[PDB]
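> Sharing a structure with you now.
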Amino acid sequence: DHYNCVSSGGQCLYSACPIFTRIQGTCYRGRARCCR
């Protein structure tokens, strides 16, 4: 979820994860991705 994404050092996006990161889970009722 968003809170855990941010606490773990990731950020939520509705587009692709930046090339230097990879998906770690989801955010925002599952509609975004957590990237780190």
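Just so it is clear, chain A uses Swiss-Prot numbers, and the residues here are 33-68, in order.
So how was this one determined? The header says X-ray crystallography, 1.4 Å.
Heads up, the Cβ atoms here are built off N, Cα and C, so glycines get one too.
Sharing the features that Swiss-Prot gives for it:
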- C37-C66: disulfide bond (DISULFID)
- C44-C59: disulfide bond (DISULFID)
- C49-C67: disulfide bond (DISULFID)
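Can you tell me where each of these features sits in this structure?
Annotation note: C66 (disulfide bond) sits in a strand segment as assigned by DSSP.
Here the Cβ of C59 (disulfide bond) has 22 other Cβ atoms within 10 Å, regardless of which shown protein chain they belong to.
Neighbour density for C67 (disulfide bond): within 10 A of its CB lie 20 other CB atoms from the protein chains shown.
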> Cβ-Cβ under 8 Å from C44 (disulfide bond), same chain, 6 or more residues apart: which ones?
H34, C37, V38, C59, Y60, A64, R65, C66, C67
> Give the number of CB atoms, excluding that of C66 (disulfide bond) itself, located within 10 Å of its CB.
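For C66 (disulfide bond), the 10 Å Cβ neighbour count is 24.
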